[PDB]
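Undergrad: I have a structure here, written as structure tokens, and I will follow up with some questions on it.
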């Protein structure tokens, strides 16, 4: 049989699967993993897809987008997601990771899906909490919002960031849905002096975009190549990719021109 | 009512459509056009999809890729396709275009689809031909092969490109089909001292790739922004887009190591 991915209400992708391997459901989440000849495994998390054999792309891009634009990363914060692969890539920097997910049952359900699952959980500097109000008070050098945040969430994380911090969050694809990306940028602008959209170059099977927001640190100006060339075992990330990620066509630069803070 | 498009044998895209608007078929080609709530109209030519509201995307990228990487282009050749928009964007340069396509009945079927159809066909510098032999023997500054050319096709066109001329052609997306692209680059390398792959940034709806080839002319080094900043009628193409199109993930740089000529 097969499952379907939603890119637009008038455009869907259909993935053929070998068999369903797992089905975990909690109070506010539903997880299903399927056997796949194209990607090995496909996890459907609340009308959302994860492709095992390609988990390295997004995890590397977001991790290093921040880690190579900053000097030191001592405290990083990740919220509203189950992406432990991101944490693994972040552990290629001397840093502590406060990971927040209220649904332990689901996060652990990814035990054999995230290749670096035990490695990340075994980390002495990896702290899992069900809620932000479980953590100790501190500011973060980097915060990752794995889910498009509303104006509320935005303001609540902007306050836990450091003056020289960077906040990376998710949005929609800027070309496919420039309107939505425009609204994403508008929110972000209200509190940051830097708000620029980027995508994962070469990733063609997903309507997804992201934002690099800060109080001063620029994603290109502050780009540091020595921290890039020092990364070990990455298979997607590199400086070419970094810079290409922010490339915007003439039209979109124009439509977004009053929403982009560089 | 929908129309499907294959990415892989286990991965398809489904585009809901309002209705069928046209259905033209020749002995070797099949063209149907549909009304689309998303793209105005989509044209399905031999299972290749075209989007009326975004034709400027590829036509701008391909036409100005070679256009802005070369001091002067007076002779351009386009073969194996029906993209008359590429021709349009090319007429933004003082140049002549030899368009070769043996199937006039389906070519003329785009009379309403291609916004600039009429303006390109009646251009005093546009010459349509059913086959290469029917042309005035000459060397070109630019050669566009709108289809992935076999070795035989390659050698032929190769012998018609000028000293500093350039050859841009199509291939598969290296993300899901790196092997294919690796061969395409292999066929292009044995004959050119420059063979580089590139894609269309932000075009998440295309499993299509390209190859930029030449005897020396370089797509990055020989890029002239004065020519780029001279186009005031483009909506997508610019220098950021030009450079980013060539960025590749680290793993593909390694695999393509023995075929890419820079």
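Cβ coordinates are placed from backbone N, Cα and C, and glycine is handled just like the others.
So Swiss-Prot says this about it:
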type	residues	note
DOMAIN	B:1-249	domain 'PABS'
BINDING	B:29	S-methyl-5'-thioadenosine binding site
BINDING	B:83	spermidine binding site
ACT_SITE	B:155	active site, proton acceptor
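Describe the structural context of these features.
TA: Around residue B:29 (S-methyl-5'-thioadenosine binding site), a 10 Å sphere centred on its CB holds 17 further CB atoms from the protein chains shown.
Within the same chain, the residues at least 6 positions away from residue B:83 (spermidine binding site) whose Cβ sits under 8 Å from its Cβ are B:58, B:59, B:62, B:146, listed in sequence order.
Residue B:155 (active site, proton acceptor) counts 13 other C-beta atoms within 10 Å of its own C-beta, drawing on all protein chains shown. According to DSSP, residue B:155 (active site, proton acceptor) sits within a helical segment.
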Undergrad: I'm trying to understand the geometry here, so how far is the Cα atom of residue B:155 (active site, proton acceptor) from the Cα atom of residue B:29 (S-methyl-5'-thioadenosine binding site), in Å to the nearest whole number?
TA: 25
